Ligand SMILES: Nc1ncnc2c1ncn2[C@@H]1O[C@H](COP(=O)(O)OP(=O)(O)OP(=O)(O)O)[C@@H](O)[C@H]1O
Ligand SMILES: Nc1ncnc2c1ncn2[C@@H]1O[C@H](COP(=O)(O)OP(=O)(O)OP(=O)(O)O)[C@@H](O)[C@H]1O
Ligand SMILES: [Mg+2]
Ligand SMILES: [Mg+2]
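Protein chains in written order, with full-length UniProt numbering: chain S, 2 to 264; chain U, 1 to 264.
As structure tokens, then:
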């Protein structure tokens, strides 16, 4: 039975896709069976794994509207234990479908959850990459999930942003997903010596210190460092472990996976 | 006054749309041009960048769009006399539902921002719109209202696939709802010239798009916003960078950007 993990932040460019891709790969290297769901219309996760937009046939949007079952759209990747549900531009049509269903039921929030029900016994982990909004796509991600990883870029808008995302999660924990947990807060693109980084982290630590990911071996906080090689990796269509497994970016995501595998 | 309405748009997240909208607006304001900044994103980062608390704001752009308030009822004065703000709130996430209601009955909704701006176009020299990271109803409304669009581009790998897709949306709107819409220009942001990935991405962008890039007409140079510690720090003080550090490289770059706009 899958643990379904959403990677969510409504702030743009905070490392959601990079985290979802590289965590899924770092778990798959252990020969745990992993499904990555690209839940964003811009489809950066799909492209990160080497799949160009013009080569995608049927995608997650076709599953949500019922043209395809989810087993029909699953792609195998270069890693034998990592599978991908690709996305495409057509997933921007989901918003229309969501509000239409809310005139035919109350159930639009559960459309991804219902789509995943035939694969939950086939994978150890299902990782969902969310778009930068609190709209219907992210609401579907969080309603399908057992847990949520929040990548945090520590710059100024993270302060107001983290508080809002947590309020969204609390409201879902009342209504549509009572079992939903914060898996953890993960600092991404992290540059420890910056004063802005220090100020933002200190503020988040006051309220949130128990939510930050820690190394299961050393007890240290797990943070993903700003890394030239991490930014280069989707241009090769590979997660960073498949080529440079000794870079600091690769080592950090591997620490994250080890922390997830403990439970 | 006849406003030039400029949208700042990219569906990629975190590429500097808000930083560009706020700092271009301030850089135009110091030339005694009357500027209206519209925060068109539900996350409301432009509102926070100018020193306002989102939770303290009663009525915003969402209420204007659905017709509950006139735009002149929600306009706030900022610290700079020539720069006014229409704030945003999380309630702007409700607009999508309103849009798809309007598309269902009369097939409208693209023009809701344009219609809302009609009473202020004679009152401002420039109206700058900060868009959210999506190609949805809010970005469709900002591009349908605009004379021109500035596309901030972070030059990392997803810029290549993403730029073409935004251009497609722009072309489709140029055929239907907004024929006058032009690209004002592509603006490289968070730019670190020495990186191999930066060089590779820019070479490919110049290959397809060279004529679209912002230029300093005095030197012929490409205008790029450098990665700057101070640019990231400035919204934490509720100031644009020219009020925070006017001599910093990011300040100098946004003033060059404003010169390019002002020269025509
Ligand atoms: N640790 C890191 N070091 C350096 N660059 C990074 C790191 N993490 C991500 N990046 C780069 O930063 C950019 C933004 O990251 P990414 O696209 O993963 O964020 P996102 O939150 O998924 O964005 P969006 O909101 O558009 O979905 C990408 O170009 C990526 O290659
Ligand atoms: N040239 C720069 N140098 C350093 N930091 C920058 C620069 N431009 C923007 N930033 C910082 O990078 C982050 C992303 O910028 P910003 O929020 O303006 O992007 P955006 O495209 O509006 O994001 P979103 O997609 O979330 O709306 C912000 O924290 C900002 O303070
Ligand atoms: Mg992403
Ligand atoms: Mg923004």
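All C-beta atoms, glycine included, are put in the ideal place defined by N, C-alpha and C.
Cβ-based neighbour list, residue i, same chain, cut-off 7 angstroms, excluding 5 preceding and 5 following
i, result
"residue 237 of chain U", "244"
"residue 248 of chain U", "228, 230, 241"
"residue 185 of chain U", "150, 212, 213, 214"
"residue 90 of chain S", "42"
"residue 142 of chain U", "7, 9, 40, 113, 129, 131"
"residue 110 of chain U", "140, 141, 144, 177"
"residue 93 of chain U", "42"
"residue 287 of chain U", "This structure does not reach residue 287 of chain U, given that chain U is present from 1 up to 264, and the question cannot be answered."
"residue 283 of chain U", "Look at the range of chain U in this structure, 1 to 264, and you will see that residue 283 of chain U is not part of it."
Extent of the continuous beta strand (DSSP E) run through residue i
i, result
"residue 148 of chain U", "148 to 154"
"residue 7 of chain S", "4 to 8"
"residue 57 of chain U", "Residue 57 of chain U -> no beta strand (DSSP E), and no H or E assigned at all."
"residue 74 of chain S", "It is not in any beta strand (DSSP E) - residue 74 of chain S instead sits in the alpha helix (DSSP H) that spans 71 to 74."
"residue 92 of chain S", "Taken as a continuous stretch (DSSP letters only), residue 92 of chain S belongs to no beta strand (DSSP E), as it is neither H nor E."
"residue 36 of chain S", "35 to 39"
"residue 292 of chain S", "Since the first and last residues shown for chain S are 2 and 264, residue 292 of chain S lies out of range."
Best match in the options for proximity to residue i [C-alpha to C-alpha]
i, options, result
"residue 77 of chain S", "S:40, S:57, S:220, S:69", "S:57"
"residue 112 of chain U", "U:137, U:234, U:5, U:251", "U:137"
"residue 12 of chain S", "U:15, U:8, U:70", "U:15"
"residue 139 of chain S", "S:200, S:156, S:99, S:55", "S:99"
"residue 191 of chain S", "S:154, S:183, S:7, S:179", "S:154"
"residue 130 of chain S", "S:115, S:41, S:164", "S:41"
"residue 135 of chain U", "U:145, U:166, U:148", "U:166"
"residue 37 of chain S", "S:54, S:106, S:121", "S:121"
"residue 209 of chain S", "S:164, S:142, S:239, S:115", "S:164"
"residue 116 of chain U", "U:48, U:23, U:66", "U:66"
"residue 85 of chain U", "U:171, U:39, U:109, U:260", "U:39"
"residue 174 of chain U", "U:193, U:194, U:199, U:146", "U:146"
"residue 3 of chain S", "S:127, S:251, S:199, S:182", "S:127"
"residue 49 of chain U", "U:72, U:22, U:73", "U:22"
"residue 87 of chain U", "U:133, U:246, U:61", "U:61"
"residue 232 of chain S", "S:221, S:219, S:250, S:246", "S:250"
"residue 258 of chain U", "U:1, U:25, U:5", "U:25"
"residue 260 of chain S", "S:106, S:105, S:104, S:219", "S:219"
"residue 79 of chain U", "U:103, U:30, U:105", "U:30"
Neighbourhood of residue i by C-beta distance below 6 angstroms, restricted to the same chain and skipping five residues each side
i, result
"residue 255 of chain S", "27"
"residue 34 of chain U", "82, 124, 125"
"residue 276 of chain S", "Here chain S comprises residues numbered 2 to 264, so residue 276 of chain S is not present and cannot be evaluated."
"residue 45 of chain U", "18"
"residue 178 of chain U", "144"
"residue 54 of chain S", "none"
"residue 51 of chain U", "238"
"residue 169 of chain U", "135"
Beta carbon proximity, residue i to chain B, threshold 8 angstroms
i, result
"residue 236 of chain S", "Checking the listed chains, one finds no chain B in this structure; the protein chains it contains are S and U."
First through last residue of the alpha helix (DSSP H) which encompasses residue i
i, result
"residue 300 of chain U", "As shown, chain U starts at 1 and ends at 264. That puts residue 300 of chain U outside it, with no answer to give."
"residue 243 of chain U", "241 to 244"
"residue 111 of chain U", "Careful: residue 111 of chain U lies outside any alpha helix (DSSP H) and carries neither H nor E."
"residue 254 of chain U", "249 to 262"
"residue 47 of chain U", "45 to 49"
Nonlocal neighbours in the same chain, by C-beta distance under 8 angstroms from residue i, ignoring five residues either side
i, result
"residue 253 of chain S", "223, 224, 225, 226"
"residue 162 of chain S", "10, 11, 12"
"residue 157 of chain S", "197, 201"
"residue 160 of chain U", "201, 204, 205"
"residue 32 of chain U", "82"
"residue 263 of chain U", "217"
"residue 72 of chain U", "119, 120"
Listed from N- to C-terminal order along the chain, which residues in the segment 77 to 92 of chain U have their beta-carbon within a distance smaller than 9 angstroms of any beta-carbon of chain S? 90
Going along the chain, which unbroken runs of the beta strand (DSSP E) with 3 or more residues stay wholly within the segment 127 to 204 of chain U? 148 to 154, 182 to 189
When you check each C-beta in the segment 123 to 153 of chain U against every C-beta of chain S, which residues fall closer than 9 angstroms? 132, 133, 134, 135, 136, 137
Quick one: which unbroken alpha helix (DSSP H) runs of 4-plus residues sit fully inside the segment 212 to 237 of chain S? Chain order, please. 229 to 233
Please list, in chain order, the residues of the segment 194 to 210 of chain S that have any C-beta partner in chain U closer than 9 angstroms. 195, 196, 197, 200, 201
Under 7 angstroms (Cβ pairs) to chain U, residues found in the segment 48 to 62 of chain S: 48, 54
Residues in the segment 173 to 196 of chain U with C-beta within 8 angstroms of chain S's C-beta atoms, listed in sequence order? 195, 196
If contact means a Cβ-Cβ distance below 7 angstroms, which residues of the segment 232 to 256 of chain S contact chain U? 232, 233, 235, 236
Got a sec: which bits of the segment 98 to 110 of chain U sit with their beta carbon under 7 angstroms from any beta carbon on chain S, in order along the chain? 100
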